[PDB]
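S.K.: Take a look at the following structure, please.
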Amino acid sequence: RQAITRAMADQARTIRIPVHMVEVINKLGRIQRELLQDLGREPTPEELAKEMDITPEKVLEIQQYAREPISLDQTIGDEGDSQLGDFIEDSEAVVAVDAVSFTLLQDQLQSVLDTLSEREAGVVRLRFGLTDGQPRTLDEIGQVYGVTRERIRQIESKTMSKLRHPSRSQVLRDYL
Amino acid sequence: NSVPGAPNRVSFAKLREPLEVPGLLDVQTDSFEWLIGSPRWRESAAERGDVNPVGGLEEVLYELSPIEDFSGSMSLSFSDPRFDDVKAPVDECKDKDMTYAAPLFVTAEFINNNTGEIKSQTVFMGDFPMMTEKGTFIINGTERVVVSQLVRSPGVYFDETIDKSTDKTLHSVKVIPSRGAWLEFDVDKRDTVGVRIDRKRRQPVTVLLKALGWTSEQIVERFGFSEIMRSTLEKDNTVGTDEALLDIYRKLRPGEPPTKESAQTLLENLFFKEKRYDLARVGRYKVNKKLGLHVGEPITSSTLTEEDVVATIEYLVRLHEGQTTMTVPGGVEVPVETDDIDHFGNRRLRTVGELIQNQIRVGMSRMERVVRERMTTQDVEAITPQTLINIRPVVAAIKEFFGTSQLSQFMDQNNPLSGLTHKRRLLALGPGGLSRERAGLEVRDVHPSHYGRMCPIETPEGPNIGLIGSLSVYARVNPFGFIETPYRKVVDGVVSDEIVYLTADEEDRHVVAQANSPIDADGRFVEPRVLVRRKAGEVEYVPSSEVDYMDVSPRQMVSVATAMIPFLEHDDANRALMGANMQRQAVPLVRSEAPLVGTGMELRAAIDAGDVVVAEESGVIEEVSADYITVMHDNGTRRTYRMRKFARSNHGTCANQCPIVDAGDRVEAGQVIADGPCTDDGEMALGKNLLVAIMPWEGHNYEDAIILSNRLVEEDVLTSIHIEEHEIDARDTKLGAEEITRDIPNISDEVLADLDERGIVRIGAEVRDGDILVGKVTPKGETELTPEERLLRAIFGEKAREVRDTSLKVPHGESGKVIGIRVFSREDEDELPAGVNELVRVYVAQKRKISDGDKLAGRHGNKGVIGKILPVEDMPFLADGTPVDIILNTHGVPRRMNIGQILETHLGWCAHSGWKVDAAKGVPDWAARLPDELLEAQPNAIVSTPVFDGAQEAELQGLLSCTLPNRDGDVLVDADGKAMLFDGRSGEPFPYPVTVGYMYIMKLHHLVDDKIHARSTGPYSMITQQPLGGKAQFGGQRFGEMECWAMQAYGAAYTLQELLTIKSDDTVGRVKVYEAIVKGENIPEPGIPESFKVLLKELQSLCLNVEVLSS
Amino acid sequence: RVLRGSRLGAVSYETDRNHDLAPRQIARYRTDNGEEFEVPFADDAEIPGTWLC
Amino acid sequence: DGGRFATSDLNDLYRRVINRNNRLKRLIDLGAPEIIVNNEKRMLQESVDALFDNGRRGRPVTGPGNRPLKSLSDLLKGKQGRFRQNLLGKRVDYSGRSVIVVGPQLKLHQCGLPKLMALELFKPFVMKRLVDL
Amino acid sequence: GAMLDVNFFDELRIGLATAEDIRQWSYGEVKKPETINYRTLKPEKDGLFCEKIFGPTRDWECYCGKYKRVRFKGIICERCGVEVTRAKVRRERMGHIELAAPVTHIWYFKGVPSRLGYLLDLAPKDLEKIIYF
Ligand SMILES: C/C(=C\[C@H](C)CCCCC(=O)O)[C@@H]1O[C@@H]2C=C[C@@H]1OC(=O)\C=C/C=C\C=C\[C@H]1O[C@@H]3C[C@H]1O[C@@H](/C=C/C[C@H]1O[C@H](C[C@H](O)[C@H]1C)[C@@H](O)[C@@H](O)/C=C/CC/C=C/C2)[C@@H]3C
Ligand SMILES: [Zn+2]
């Protein structure tokens, strides 16, 4: 009976739950069926948390663990050919206007960096890693530039003051 | 008449019918209070005898009472189910989404056989969803209606076919019980028998005859005078009593050693004990009427008996020979006949009480199994019925029926007529019956006993034709679940006023005359040869002595909704079908004006639909208001009547209740005090009365299109109200908890200027598409950003805004003011779903004007969308200056055979302008049978033509002769019915006069913004990569198979490739298509579709090497 | 009305540079039945001598 | 929403095959009577058979509500299979639907269109044009 | 014949897949019936969603989160064991289950005629008494 209960705790759910949480789920379910029977009405979870001497938020987390998932292969619609798995909005998919917006933003930003000088563009590009994917620091930029990192910070403050013209960057204010 | 607040609707009704229309929702209410065992039902059933009337709950309990253990050591009874009050009132349950329940209390009692004690607890059985006043149920706030269902009654059905090969008419019989197994007595292709039982693949009569224990000579004195009995007595091939017992038993078991003594009793178990096999009291009455055995004794013995069994096989072999009538040894004779299932004597109606009783039965069985299970496991002197009984599967069965069944349904309530006709529907085949795809058209046809018992006109017009027929008007359900129909009995030619309610059986015992039959005004006919309905479903002429029953009235065979289509006897059945389906699809207008021409059914149909608040007790108004009516009764007491102003129905439409009485008004009992949605002055009103010309106008009314004047748009004549509900919830999550607030990231205060200080929009805020209703923000978490995003943030100084805005936005197209803010909170300690901290519902309402495309219809199925709303100046106007409102098409009238609408148009003009026929000769000849106080009429006076006794051609044209002028001396409409129209557009008079009049049309619930639906790029599916269709989303169009065929047939390869790759499934292709469009560059080449790669991966996963070769 | 879902994973939108990568070693692995496997580790990466191939 | 997970009914079959194979490997490395070993192999065989086609042999493996698990062959055969559905046709972008009315002044190569719908259809074209202007 | 999807084939040769081809296609033996951890909602190790087997769920993200950008590409994190790439190759890469005891495909066994019994000239019931033990 130990091996049977161990197997029913291990391999009886689509998501694996370690056996102690299955045990407290079964204790909660036993207490809940007993309370719905003998109370007559449905128990409140705060009363259940008093009953199992635990906190109601832990009771809610255990109930959240208790919900077994449903399948996607049930004929949920009124039509038998209608599938439940079709009617799911893929909220983690390509929104496809923001991608081309992002590409156009990249090109306009390249134009804006083209409107400035060479040292400025190199400093901002190597600073935020826009040209490669690696944000280097001011010490690396002064290493590749042969000047102090404090000079890089002064160049940084100059470029950020240069960027913060709304007359220059209304086209980038539009991009947010 | 006979209703105090009825409007003075004059009628053409020549026939005077003595029977009044019944209490239309009695089919729901009597069934449910039979299930309760209401005291009202108790005395009502004690009226018609029935010395032991039993509520259905008491029936299920007394069936289950008592429950033994296995060893006989103890017993558990059940006794007296009783109720408490309701848990909550109606609108409170509807608001808080609670089911309108009531507790069940049961005097349970346990008794030990060992020592002997009573254990008389009072077990609370469950909260029970009580029926409302209007015969409906409320489940989770929504209004739910259980529908009456038709099934074959349990009994013995002798049905025979003749084979195509040997031409031998083989005779089968299905003894189908309630709840049990199917034993049969068929006949094989030889001269043997098909007593093959519950599909046990071989059985003759003899093995059961000696499994009965009888001998071959005992077969001979039972089956004796047939080649069937000789050939089966020689084709027994298993002789011996207990030999046939063990033969039956080894056919029953196969897979185990048998035992002979169990073979004698398992036969008595599976058919003759009343513990697992019980055809009901209904089917037992059916059998005892079929064979005439239990004629002098009341209904009992719900299992089988061997006398009836051998009588059934004797009936089988005698109809196999062909006999006229059979008396059994021990029974009066009954006519030997076939059995047609479609006859209503064989089709019982399982109403809502029978359905709930079946679900209580299966719940009690599934808890009784646990009771018997734990009975042995529990120790003595330590138990009680509270320790024994699990009511959790019982309440699970009740809730699993009321939610998520087929028979439970949302109350289709866009108007009170659709409420009334979503009640009183009969579903012919479904759960507990045949499937829709399995059923042919023998169910779909109309058996000739449907006359008065089910309306042949009203049905869905889709694939479900004839499966869903409504109840008739005067029909009444039997205690046995049969459909009684009232009849005036005629004795010696004198038709009495003894109304007798008749089932289909006593319909077939007799012959029945018609209401259109000239009585002597003293009871007798004036002609000896009368139309009659022969009991074989035929029509004859008969001497006027032999008829014993007459119809109560005309319109007995028609539905409730179909009883409201005037001039029905001129219309065709197809267009009447479309009109009767079109009646219960109107939307309630803001004015809700009564039709100028109707039947006598509008008034009673309104006040019985429940959607009009009735003056309950006769009193005087103490105070009127807009929300309540304080009546003052004649003895001290007072009562308010809270109006439900702007309640949302189940289809978005409004449900206002404007009061109709004033301050000093004295009302009577059963008087209308407040019109509902589609009611005027008490009676029903599904639309407005409208001027109409029947000319074809400029191709805008082409192929059943309608045009309208702009006067409807400007004067708000056709204007519904659509209260739409939006609802969002504040849950918790893994990253924290969602919250509702004013703070939305990366957003301006301009869009935020309408919502309140805590996030919701205030009452009265006008919204548009894409506005915010509930400002809701969830914890996004913290992710790494793109460097360009980081650089823009560093330029503008803004933070990451680490919480994701997923706020409720009002979706596309919907607009209007915000009426109500229904908001709930878990912190406010209401009951809420698991994890939801706040639930907020927002009601938005738009006052939709009429528009081009809105599906309009008449009352005869003469439907059509609005083609073009013309301005009122270039609309063809009547010669006094009145512009007509709508202009139909002529060519849709004759070839659809619905000139009921033309007769209605003429009568509408007559009743609009008013008339006064001449009295110089008194009564002109056409006006003879025309009833009095109709020879004159004031203008704008309503009239009522009943269904099959109404206006006639001669009366209509003679009344259209004198049609008193408007204000001047101007008879605008000739005796032909037409009128001369000047063209509002050109200016010339139209060279031929045109039929005009006042048709009564409605506006249907098929409006354009419910349907207009477009998508460029929206959400996608999850597993497949297709654009997710459906108007709830942005939604594509299903480019189906035949469209692929057609675009193949054009040879357009490229457009097909676009439609199947880069508008559908090419994932990287779609963004490149979008990029090429907004960059203005050429559309790139379509790549491989995603669904094909899905197929490739599945076929690789099925251990199939799908090599795809290039060269 | 519409029920939505999200497969629990992050989706970015960048440029697939086949030129500007972190350079990397390749470690050849030999299993128990002599099977060769070439796991690409990074350059700056400790190579475990054992590896579930 | 609310964390309601949705499986795909093949994970249960895969879990059963994985579990039975692991158990069989454990019993083989342990040493067991051959009735047990052959019984586990038979269970593995029935599991694989139902994973490819549920209900092809014996009784179909079902789940909650006794609904049979949509196995691998079920994705191909039947009306819900890949072949019939892919032949049935897909929903498309840049589409839309509406009710129709008569157009008795239009020319023959012409159809009316509501601006509220044609705005939704031609959104990328109209975006490109009004960002060029 | 190349599966590199260049939209020109003119040929499509179905055929039986050998056990060598099945173990050739895969990316490691999935060996645990654990799909998603109940607490962290991340895929379990060597289970039916294991990112080392199939691929990462987050774009160019190793599972432990050491390497996280597209500069690290085509490599495998030595700690977490997940090759860094896009998320859409999780649609693509198959895994295999190794078996302790062999298995007969039901598509060659429950057919009319059973191709196994027709290759070995045996009854169907011979097969249902052999590979059901
Ligand atoms: C096909 C069908 C129902 C269809 C959805 C609509 C019926 C045909 C309507 C028509 O064309 O006239 C059957 O429904 C059930 C049994 C078998 C079928 O089940 C089926 O195949 C389909 C559904 C079975 C149970 C559905 C339960 C819940 O689904 C929602 C909520 C619950 O019930 C549904 C309620 C539908 C009410 C309809 O009412 C009709 C108008 C609209 O079509 C609907 C508003 C009215 O014409 C009304 O008078 C007719 C009611 C049908 C009578 C009894 C039906 C029981 C609503 C859609
Ligand atoms: Zn990692």
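A note on labels: chains of the structure tokens are A, B, ... as shown, every chain counts residues from 1, and ligands are counted from 1 in their shown order.
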Residues of chain B within 12 Å of chain E, counting only C-alpha atoms - could you list those as a tab-separated table (two decimals) with N, CA and C atoms, in the first residue's frame?

M.R.:
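Contents of the output file out_33.tsv:
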chain	number	residue	atom	x	y	z
B	734	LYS	N	1.52	34.63	-10.24
B	734	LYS	CA	2.78	34.18	-9.68
B	734	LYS	C	3.69	35.36	-9.35
B	735	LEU	N	3.70	36.37	-10.21
B	735	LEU	CA	4.55	37.53	-9.99
B	735	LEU	C	3.97	38.52	-9.00
B	783	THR	N	12.46	42.22	-17.19
B	783	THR	CA	13.12	41.58	-18.32
B	783	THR	C	14.28	42.44	-18.79
B	784	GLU	N	15.17	41.83	-19.55
B	784	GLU	CA	16.19	42.61	-20.22
B	784	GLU	C	15.59	43.28	-21.45
B	785	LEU	N	16.09	44.47	-21.75
B	785	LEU	CA	15.51	45.30	-22.79
B	785	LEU	C	16.40	45.26	-24.02
B	786	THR	N	15.83	45.68	-25.14
B	786	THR	CA	16.63	45.95	-26.31
B	786	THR	C	17.47	47.19	-26.04
B	787	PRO	N	18.67	47.27	-26.62
B	787	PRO	CA	19.52	48.45	-26.39
B	787	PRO	C	18.92	49.73	-26.92
B	1023	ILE	N	-2.17	26.54	-31.30
B	1023	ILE	CA	-1.47	25.36	-31.80
B	1023	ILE	C	-1.15	25.52	-33.28
B	1024	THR	N	-2.18	25.69	-34.09
B	1024	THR	CA	-1.95	26.16	-35.44
B	1024	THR	C	-1.66	27.65	-35.43
B	1025	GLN	N	-1.11	28.13	-36.54
B	1025	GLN	CA	-0.72	29.52	-36.67
B	1025	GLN	C	-1.71	30.32	-37.50
B	1061	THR	N	-0.64	30.67	-47.97
B	1061	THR	CA	0.62	30.80	-47.26
B	1061	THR	C	0.73	32.08	-46.46
B	1067	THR	N	4.71	32.15	-41.15
B	1067	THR	CA	4.94	32.99	-39.98
B	1067	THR	C	5.96	34.07	-40.26
B	1068	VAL	N	7.12	33.69	-40.80
B	1068	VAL	CA	8.09	34.70	-41.18
B	1068	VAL	C	7.69	35.42	-42.45
B	1085	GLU	N	8.43	36.51	-51.82
B	1085	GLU	CA	8.00	35.19	-52.22
B	1085	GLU	C	7.41	34.44	-51.03
B	1086	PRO	N	6.29	33.74	-51.22
B	1086	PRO	CA	5.73	32.93	-50.13
B	1086	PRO	C	6.64	31.77	-49.78
B	1087	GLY	N	6.83	31.57	-48.48
B	1087	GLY	CA	7.61	30.45	-47.98
B	1087	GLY	C	6.74	29.23	-47.75
B	1088	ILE	N	7.30	28.28	-47.01
B	1088	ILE	CA	6.60	27.03	-46.73
B	1088	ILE	C	5.54	27.29	-45.67
B	1089	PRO	N	4.31	26.82	-45.86
B	1089	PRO	CA	3.28	27.02	-44.85
B	1089	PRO	C	3.56	26.22	-43.60
B	1090	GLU	N	3.09	26.76	-42.47
B	1090	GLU	CA	3.37	26.16	-41.17
B	1090	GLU	C	2.64	24.84	-40.99
B	1091	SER	N	1.43	24.73	-41.53
B	1091	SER	CA	0.65	23.52	-41.35
B	1091	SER	C	1.27	22.34	-42.08
B	1092	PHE	N	1.95	22.59	-43.19
B	1092	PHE	CA	2.65	21.51	-43.86
B	1092	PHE	C	3.82	21.00	-43.03
B	1093	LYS	N	4.55	21.90	-42.38
B	1093	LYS	CA	5.62	21.46	-41.49
B	1093	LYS	C	5.08	20.73	-40.28
B	1094	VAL	N	3.89	21.11	-39.83
B	1094	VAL	CA	3.22	20.37	-38.76
B	1094	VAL	C	2.91	18.96	-39.21
B	1095	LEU	N	2.42	18.81	-40.44
B	1095	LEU	CA	2.15	17.49	-40.99
B	1095	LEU	C	3.44	16.68	-41.13
B	1096	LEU	N	4.52	17.34	-41.54
B	1096	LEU	CA	5.80	16.67	-41.69
B	1096	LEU	C	6.33	16.19	-40.35
B	1097	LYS	N	6.16	16.99	-39.31
B	1097	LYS	CA	6.66	16.57	-38.00
B	1097	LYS	C	5.80	15.46	-37.42
B	1098	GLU	N	4.49	15.49	-37.67
B	1098	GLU	CA	3.66	14.39	-37.19
B	1098	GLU	C	4.00	13.09	-37.91
B	1099	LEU	N	4.22	13.16	-39.22
B	1099	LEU	CA	4.53	11.96	-39.96
B	1099	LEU	C	5.92	11.44	-39.65
B	1100	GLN	N	6.86	12.33	-39.32
B	1100	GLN	CA	8.12	11.85	-38.80
B	1100	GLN	C	7.94	11.24	-37.43
B	1101	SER	N	7.01	11.75	-36.64
B	1101	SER	CA	6.79	11.22	-35.31
B	1101	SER	C	6.01	9.93	-35.30
B	1102	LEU	N	5.44	9.52	-36.43
B	1102	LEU	CA	4.75	8.25	-36.53
B	1102	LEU	C	5.67	7.14	-37.04
B	1103	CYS	N	6.98	7.33	-36.88
B	1103	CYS	CA	8.03	6.43	-37.39
B	1103	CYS	C	7.92	6.20	-38.89
B	1104	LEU	N	7.70	7.28	-39.63
B	1104	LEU	CA	7.70	7.24	-41.09
B	1104	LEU	C	8.75	8.20	-41.61
B	1105	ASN	N	9.73	7.67	-42.33
B	1105	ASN	CA	10.81	8.49	-42.86
B	1105	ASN	C	10.29	9.25	-44.07
B	1106	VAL	N	9.87	10.49	-43.86
B	1106	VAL	CA	9.30	11.30	-44.95
B	1106	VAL	C	10.46	12.06	-45.57
B	1107	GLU	N	11.13	11.40	-46.50
B	1107	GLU	CA	12.20	12.03	-47.24
B	1107	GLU	C	11.60	12.91	-48.32
B	1108	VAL	N	12.01	14.17	-48.36
B	1108	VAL	CA	11.55	15.10	-49.38
B	1108	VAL	C	12.72	15.42	-50.31
B	1109	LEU	N	12.63	14.94	-51.54
B	1109	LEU	CA	13.74	15.01	-52.47
B	1109	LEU	C	13.63	16.24	-53.34
B	1110	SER	N	14.78	16.80	-53.69
B	1110	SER	CA	14.85	17.90	-54.64
B	1110	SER	C	15.30	17.47	-56.02
B	1111	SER	N	16.25	16.56	-56.11
B	1111	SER	CA	16.77	16.10	-57.39
B	1111	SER	C	17.34	14.69	-57.26

S.K.: Find the residues near ligand 2. Use a cut-off of 12 Å, count only C-alpha atoms and all ligand atoms, and write them as a list in words.

M.R.: residues 41 of chain C; 51, 52, 55, 56, 57, 58, 60, 61, 62, 63, 64, 65, 66, 67, 68, 69, 72, 75, 76, 77, 78, 79, 80, 81, 82, 83, 84 and 85 of chain E

S.K.: Write out, as a CSV table (one decimal), in the first residue's frame, the residues just selected, with N, CA, C and O atoms.

M.R.:
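New file selection-v6.csv:
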chain,number,residue,atom,x,y,z
C,41,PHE,N,30.7,24.5,-27.0
C,41,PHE,CA,30.8,25.3,-25.9
C,41,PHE,C,31.2,26.7,-26.3
C,41,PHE,O,31.6,26.9,-27.5
E,51,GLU,N,14.4,21.7,-22.0
E,51,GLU,CA,15.0,22.6,-22.9
E,51,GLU,C,16.4,22.2,-23.5
E,51,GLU,O,16.8,22.6,-24.5
E,52,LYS,N,17.1,21.3,-22.7
E,52,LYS,CA,18.3,20.8,-23.2
E,52,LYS,C,18.0,19.9,-24.4
E,52,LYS,O,18.8,19.9,-25.4
E,55,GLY,N,14.9,22.7,-26.9
E,55,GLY,CA,15.4,24.0,-27.1
E,55,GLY,C,14.8,25.0,-26.1
E,55,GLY,O,14.0,24.7,-25.3
E,56,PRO,N,15.3,26.3,-26.2
E,56,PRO,CA,14.9,27.2,-25.2
E,56,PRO,C,13.5,27.8,-25.4
E,56,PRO,O,13.1,28.0,-26.6
E,57,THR,N,12.8,28.1,-24.4
E,57,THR,CA,11.5,28.8,-24.5
E,57,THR,C,11.7,30.3,-24.5
E,57,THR,O,10.7,31.0,-25.0
E,58,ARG,N,12.8,30.8,-24.1
E,58,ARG,CA,13.0,32.3,-24.2
E,58,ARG,C,14.1,32.5,-25.2
E,58,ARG,O,15.1,31.8,-25.2
E,60,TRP,N,17.0,33.2,-27.5
E,60,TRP,CA,18.4,33.2,-27.3
E,60,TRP,C,18.8,33.2,-25.8
E,60,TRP,O,19.8,33.9,-25.4
E,61,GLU,N,18.1,32.5,-25.0
E,61,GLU,CA,18.3,32.5,-23.5
E,61,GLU,C,18.6,31.1,-23.1
E,61,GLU,O,17.8,30.2,-23.2
E,62,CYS,N,19.8,30.9,-22.5
E,62,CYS,CA,20.1,29.6,-21.9
E,62,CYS,C,19.3,29.5,-20.6
E,62,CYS,O,18.8,30.5,-20.0
E,63,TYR,N,19.2,28.3,-20.1
E,63,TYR,CA,18.2,28.0,-19.1
E,63,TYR,C,18.6,28.5,-17.7
E,63,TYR,O,17.8,29.0,-17.0
E,64,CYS,N,19.9,28.4,-17.4
E,64,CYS,CA,20.4,29.0,-16.2
E,64,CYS,C,20.5,30.5,-16.3
E,64,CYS,O,20.5,31.2,-15.2
E,65,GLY,N,20.4,31.0,-17.5
E,65,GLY,CA,20.5,32.5,-17.7
E,65,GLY,C,21.9,33.1,-17.7
E,65,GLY,O,22.0,34.3,-17.6
E,66,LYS,N,22.9,32.3,-17.9
E,66,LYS,CA,24.2,32.8,-18.0
E,66,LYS,C,24.4,33.6,-19.3
E,66,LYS,O,24.6,34.8,-19.3
E,67,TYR,N,24.4,32.9,-20.4
E,67,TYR,CA,24.4,33.5,-21.7
E,67,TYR,C,23.0,34.0,-22.1
E,67,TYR,O,22.0,33.2,-21.9
E,68,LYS,N,22.8,35.2,-22.5
E,68,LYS,CA,21.4,35.7,-22.7
E,68,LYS,C,21.2,36.5,-24.0
E,68,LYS,O,20.1,37.1,-24.2
E,69,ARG,N,22.2,36.7,-24.8
E,69,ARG,CA,22.1,37.5,-26.0
E,69,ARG,C,22.6,36.8,-27.2
E,69,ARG,O,23.2,35.8,-27.2
E,72,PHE,N,26.1,35.4,-28.1
E,72,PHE,CA,26.2,33.9,-27.8
E,72,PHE,C,25.2,33.2,-28.6
E,72,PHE,O,24.0,33.3,-28.4
E,75,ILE,N,26.0,28.0,-29.6
E,75,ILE,CA,26.8,27.4,-28.5
E,75,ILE,C,25.9,26.8,-27.5
E,75,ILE,O,24.7,27.0,-27.5
E,76,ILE,N,26.4,26.0,-26.6
E,76,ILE,CA,25.7,25.4,-25.5
E,76,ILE,C,26.3,25.9,-24.2
E,76,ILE,O,27.5,25.9,-24.0
E,77,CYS,N,25.4,26.4,-23.3
E,77,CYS,CA,25.9,26.7,-22.0
E,77,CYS,C,26.3,25.5,-21.2
E,77,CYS,O,25.6,24.5,-21.2
E,78,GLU,N,27.6,25.5,-20.7
E,78,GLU,CA,28.2,24.3,-20.1
E,78,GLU,C,27.5,24.0,-18.8
E,78,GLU,O,27.5,22.9,-18.3
E,79,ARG,N,26.8,25.0,-18.1
E,79,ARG,CA,26.1,24.7,-16.9
E,79,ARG,C,24.7,24.2,-17.2
E,79,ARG,O,24.4,23.0,-16.9
E,80,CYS,N,23.9,25.0,-17.9
E,80,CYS,CA,22.5,24.6,-18.1
E,80,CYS,C,22.3,23.6,-19.2
E,80,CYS,O,21.2,22.9,-19.2
E,81,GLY,N,23.2,23.4,-20.1
E,81,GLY,CA,23.1,22.4,-21.1
E,81,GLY,C,22.2,22.7,-22.2
E,81,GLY,O,21.9,21.8,-23.0
E,82,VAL,N,21.6,23.9,-22.3
E,82,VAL,CA,20.7,24.2,-23.4
E,82,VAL,C,21.5,25.0,-24.5
E,82,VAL,O,22.1,26.0,-24.2
E,83,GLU,N,21.4,24.5,-25.7
E,83,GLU,CA,21.9,25.3,-26.8
E,83,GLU,C,21.1,26.5,-27.0
E,83,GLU,O,19.9,26.5,-27.1
E,84,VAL,N,21.9,27.7,-27.2
E,84,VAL,CA,21.2,28.9,-27.4
E,84,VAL,C,20.8,29.1,-28.8
E,84,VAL,O,21.6,29.0,-29.7
E,85,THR,N,19.5,29.3,-29.0
E,85,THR,CA,18.9,29.6,-30.3
E,85,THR,C,17.6,30.3,-30.1
E,85,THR,O,17.2,30.7,-29.0

S.K.: Could the residues that lie within 8 Å of ligand 1, counting only C-alpha atoms and all ligand atoms, be listed as a PyMOL selection string?

M.R.: (chain A and resi 78-79) or (chain B and resi 144+147-148+403-413+418-419+421-423+425-427+429-431+436+459-462+464+468+581+584+651)

S.K.: Among range 70-116 of chain D, which ones does DSSP place in alpha helix (DSSP H), written as a list in words?

M.R.: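 Going through range 70-116 of chain D, the alpha helix (DSSP H) residues come out as residues 82, 83, 84, 85, 86, 87, 88, 115 and 116 of chain D.
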
S.K.: Counting only C-alpha atoms, a student should be able to say which residues of chain D come within 10 Å of chain B; what is the right answer, written as a count of residues only?

M.R.: 53

S.K.: Restrict the distance test to only C-alpha atoms, flag each residue of chain C within 12 Å of chain B, and return the flagged residues as a list in words.

M.R.: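 Taking only C-alpha atoms into account, residues 1, 2, 3, 4, 5, 6, 7, 9, 10, 11, 12, 13, 14 and 15 of chain C sit within 12 Å of chain B.
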
S.K.: Residues of chain A that have any atom at most 8 Å from an atom of chain C: could you tabulate them with the shortest-distance atom pair and the distance in Å to one decimal, using only C-alpha atoms, ordered by chain and increasing number, as CSV?

M.R.:
residue,atom,partner,partner_atom,distance
A:87,CA,C:3,CA,7.3
A:88,CA,C:4,CA,4.9
A:89,CA,C:4,CA,4.3
A:90,CA,C:5,CA,5.6
A:91,CA,C:6,CA,5.4
A:92,CA,C:6,CA,5.3
A:93,CA,C:11,CA,7.5
A:99,CA,C:13,CA,6.6
A:132,CA,C:20,CA,6.8

S.K.: Per residue of chain A within 7 Å of chain B, record the nearest atom pair and its distance in Å to one decimal, counting only C-alpha atoms, with rows in chain order and ascending residue number, as CSV.

M.R.:
residue,atom,partner,partner_atom,distance
A:37,CA,B:390,CA,7.0
A:85,CA,B:1023,CA,6.6
A:86,CA,B:1021,CA,5.5
A:87,CA,B:1021,CA,6.5
A:88,CA,B:1022,CA,5.6
A:89,CA,B:1021,CA,5.6
A:90,CA,B:1022,CA,5.0
A:96,CA,B:1071,CA,5.6
A:100,CA,B:1075,CA,5.8
A:128,CA,B:787,CA,6.0
A:129,CA,B:787,CA,6.7
A:130,CA,B:787,CA,5.9
A:160,CA,B:795,CA,6.6
A:163,CA,B:795,CA,6.8
A:164,CA,B:795,CA,6.7

S.K.: If you run DSSP over the backbone, which residues in range 41-109 of chain B end up strand (DSSP E or B)? Put them as number ranges by chain.

M.R.: B: 67-68, 74-77, 81-83, 103-106, 109

S.K.: Please tabulate, as a Markdown table, the residues of chain A that come within 10 Å of chain D, each with its closest pair of atoms and the distance in Å to one decimal, counting only C-alpha atoms and ordering rows by chain, then residue number upward.

M.R.:
| residue | atom | partner | partner_atom | distance |
| --- | --- | --- | --- | --- |
| A:11 | CA | D:19 | CA | 7.9 |
| A:12 | CA | D:12 | CA | 9.6 |
| A:13 | CA | D:12 | CA | 8.8 |
| A:14 | CA | D:12 | CA | 6.7 |
| A:15 | CA | D:7 | CA | 9.7 |
| A:64 | CA | D:3 | CA | 8.3 |
| A:65 | CA | D:3 | CA | 9.8 |
| A:67 | CA | D:4 | CA | 7.7 |
| A:68 | CA | D:5 | CA | 7.8 |
| A:69 | CA | D:5 | CA | 4.9 |
| A:70 | CA | D:6 | CA | 5.1 |
| A:71 | CA | D:7 | CA | 4.8 |
| A:72 | CA | D:8 | CA | 5.2 |
| A:73 | CA | D:8 | CA | 6.4 |
| A:74 | CA | D:67 | CA | 8.1 |
| A:80 | CA | D:80 | CA | 9.4 |
| A:81 | CA | D:80 | CA | 6.6 |
| A:82 | CA | D:80 | CA | 9.0 |
| A:83 | CA | D:80 | CA | 8.7 |
| A:84 | CA | D:6 | CA | 10.0 |
| A:85 | CA | D:8 | CA | 8.6 |
| A:97 | CA | D:124 | CA | 9.3 |
